[PDB]
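**Student:**
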Amino acid sequence: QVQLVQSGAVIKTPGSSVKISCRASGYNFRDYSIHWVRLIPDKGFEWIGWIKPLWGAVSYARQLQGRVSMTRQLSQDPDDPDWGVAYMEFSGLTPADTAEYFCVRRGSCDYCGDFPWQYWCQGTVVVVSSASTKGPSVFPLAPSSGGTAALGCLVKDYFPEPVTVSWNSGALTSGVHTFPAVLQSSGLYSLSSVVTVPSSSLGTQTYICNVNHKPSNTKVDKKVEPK
Amino acid sequence: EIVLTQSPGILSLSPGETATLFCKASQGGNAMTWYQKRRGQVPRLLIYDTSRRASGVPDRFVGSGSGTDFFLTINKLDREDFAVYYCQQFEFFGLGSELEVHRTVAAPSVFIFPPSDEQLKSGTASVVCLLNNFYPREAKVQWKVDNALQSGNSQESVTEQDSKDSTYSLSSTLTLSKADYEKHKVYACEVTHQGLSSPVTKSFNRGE
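Protein sequences appear in the order of chains F and J. Just so we're aligned: the first sequence equals residues 1 to 52, 52A, 53 to 76, 76A to 76G, 77 to 82, 82A to 82C, 83 to 100, 100A to 100F, 101 to 128, 133 to 214 in the entry's author numbering. Just so we're aligned: the second sequence equals residues 1 to 27, 29 to 91, 96 to 213 in the entry's author numbering.
1) When you compare each of F/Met69, F/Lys52, F/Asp76C and F/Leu178 to F/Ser25 by their alpha carbons, which one comes out closest?
2) Can you pull the chain F residues whose beta carbon is under 8 Å from the beta carbon of J/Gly101, in chain order?
3) Identify, in the order they occur along the chain, each residue of the same chain with its Cβ nearer than 6 Å to the Cβ of J/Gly99, setting aside the five sequence neighbours on each side.
4) Mind checking whether F/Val18 and F/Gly49 have CB atoms under 8 Å apart?
5) Counting only beta-carbon atoms, is J/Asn210 nearer than 8 Å to chain F?
6) Taking all protein chains shown into account, decide if F/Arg30 is buried (16 or more other Cβ within 10 angstroms of its Cβ) or exposed.
7) Please classify F/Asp144: does DSSP put it in a helix, a strand, or coil?
8) Please tell me whether F/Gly100B has its Cβ less than 8 Å away from any Cβ of chain J.
9) Check this for me: beta carbons of J/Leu21 and J/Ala112, under 8 Å apart or not?
10) Pull the bridge partners of J/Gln37 from the DSSP assignment, please.
11) If you draw a straight line from the C-alpha of F/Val142 to the C-alpha of J/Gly30, how long is it?
12) Just to confirm, are F/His35 and F/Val93 a CB contact at a threshold of 8 Å?
13) Let me make sure I understand the geometry here. Which of J/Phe72, J/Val110, J/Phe91 and J/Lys149 has the alpha-carbon closest to that of J/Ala193?
14) Between F/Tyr176 and F/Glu148, is the Cβ-Cβ spacing less than 8 Å?
15) For J/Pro44, which residues in chain F fall below 7 Å Cβ to Cβ?
16) With DSSP run on the structure shown, which of helix, strand or coil describes F/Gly134?
17) Hey, could you find the ends of the alpha helix (DSSP H) J/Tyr186 is sitting in?
18) Indicate the three-state DSSP secondary structure (helix, strand or coil) for J/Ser114 in the structure shown.
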């Protein structure tokens, strides 16, 4: 089975270059081109280029020329000589280059052309920002009173993504909505986690949101009670 | 270059029904490719050469078309088929069509949350309005402070469509400096939604 495995997500400062690797295995690496494509938030897919592993011949999207370089390395293992790695280096990054980058390969059937990509790497997220790593502040969204009430935690001003949020250490899951984070104009992210519960319980049950931001090594337990 | 225009932007249907999605190319005569991208998952090839199914793609996916007009038909929709679908020709791509789950209209439950004293102590005020468990996703949230409409100072976020009850939730967050917050009394979010016979308002008076 064909397998394309990329290097992990990274945070890059504007002006940086990023080098992404794509380890390809389960077929003869020299026999198929690898393409790179990026999925950009609110803009969709953009083809970056292809490389043909035999000679390492390449073709770059006209609009990216000067900023992209593709190379490859062929296995040097005598009993496992047919896999290889494709590399794509993307330079002069700006926030507009914040995207998920994929390496892809065509299908191997008779009517498979070059562009229908049957095989995809798991993607590599690249975030381009000048923001400094920072753990979140956590504030309460307090329930204001049979009926049902809502409460939550406001997780503010952290970088980079992600933060994880549980309630009562995972014991509370029914009715939890943890929203997609938003990027604020400060360059820092923010999100809320909310949960609906019986008004009846507000005096009997304790509600604690557990916030974890690994990039800053920040863990917070925030107890939320009626205002 | 080739420009691919997909429609509709959003298609709302129920499990068991058949979806038809369209892709119009700016140039005729080329074959069409389709991909499926389920939320948060790697894109998956569905159709190539206009009508050929890719590896492991079930026969309820049917690609067709000719000239500039191309179609993806999904028969007897399965829960997993609700995803975004993209068309491609060579290095060119459509912007995608979202297939979403149709269900009965549901009005949102609306809640408003004043900023905490702790956050205020730090110079900023976040006011949050929650619209919980509604359908369809389209809703208008308006912030009013002492009856003045607020614009440019709030951000919205919307959940993914719930996998089990097909509803959405939405939060709107108004951000003000502490000084600005403390100059006004009435903070209100007005919600307009198909499920509501008239707009619903939740509010509070600062410090009350």
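Even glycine gets a Cβ: it sits at the ideal position worked out from N, Cα and C.
**Tutor:** By the coordinates alone:
1) One-based indexing of the first sequence puts residue 25 of chain F at position 25. The residue from F/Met69, F/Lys52, F/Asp76C and F/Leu178 with its alpha-carbon nearest to that of F/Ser25 is F/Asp76C.
2) Mapped onto the second sequence, residue 101 of chain J falls at position 96. The contacting residues are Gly44.
3) Start at 1 with the first residue of the second sequence, and residue 99 of chain J comes out as number 94. Result list for J/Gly99: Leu4, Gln6, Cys23, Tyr87 and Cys88, in chain order.
4) For this step, residue 18 of chain F is matched to residue 18 along the first sequence. For this step, residue 49 of chain F is matched to residue 49 along the first sequence. It is not a contact, given that the beta carbons lie outside the stated cut-off.
5) Indexing the second sequence from 1 puts residue 210 of chain J at position 205. Not one chain F Cβ lies under 8 Å of J/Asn210.
6) Against the first sequence, residue 30 of chain F aligns to sequence position 30. Looking at its Cβ environment, which holds fewer than 16 other Cβ atoms inside 10 Å, F/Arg30 is exposed.
7) As a working note, residue 144 of chain F is residue 157 in the first sequence. In the structure shown, F/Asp144 sits in a strand (DSSP, three-state: E or B).
8) The residue labelled residue 100B of chain F in the question sits at position 113 within the first sequence. Chain J contact via Cβ: present.
9) Stepping through the second sequence from its first residue, residue 21 of chain J is reached at position 21. Stepping through the second sequence from its first residue, residue 112 of chain J is reached at position 107. Their beta carbons are not under 8 Å apart, which means J/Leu21 does not touch J/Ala112 by this criterion.
10) The residue given as residue 37 of chain J occupies position 36 in the second sequence. According to DSSP, J/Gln37 bridges with J/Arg45 and J/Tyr86.
11) Position 155 of the first sequence, counted from the first residue, corresponds to residue 142 of chain F. Position 29 of the second sequence, counted from the first residue, corresponds to residue 30 of chain J. Cα-Cα distance, rounded: 52 Å.
12) One-based indexing of the first sequence puts residue 35 of chain F at position 35. One-based indexing of the first sequence puts residue 93 of chain F at position 104. For F/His35 and F/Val93, yes; Cβs fall inside 8 Å.
13) The residue given as residue 193 of chain J occupies position 188 in the second sequence. J/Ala193 has its Cα closest to that of J/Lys149, out of J/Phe72, J/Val110, J/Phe91 and J/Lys149.
14) Against the first sequence, residue 176 of chain F aligns to sequence position 189. Against the first sequence, residue 148 of chain F aligns to sequence position 161. For F/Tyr176 and F/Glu148, yes; Cβs fall inside 8 Å.
15) In the second sequence, residue 44 of chain J corresponds to position 43, counting from 1. Near J/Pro44 (Cβ distances below 7 Å), the residues of chain F are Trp103.
16) Looking up residue 134 of chain F in the first sequence gives position 147. Residue state, collapsed to three classes: coil.
17) By 1-based counting over the second sequence, the position of residue 186 of chain J is 181. Per DSSP, J/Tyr186 is one residue of the alpha helix (DSSP H) stretching across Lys183 to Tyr186.
18) Here the question's residue 114 of chain J lines up with position 109 in the second sequence. Three-state DSSP puts J/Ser114 in a strand.
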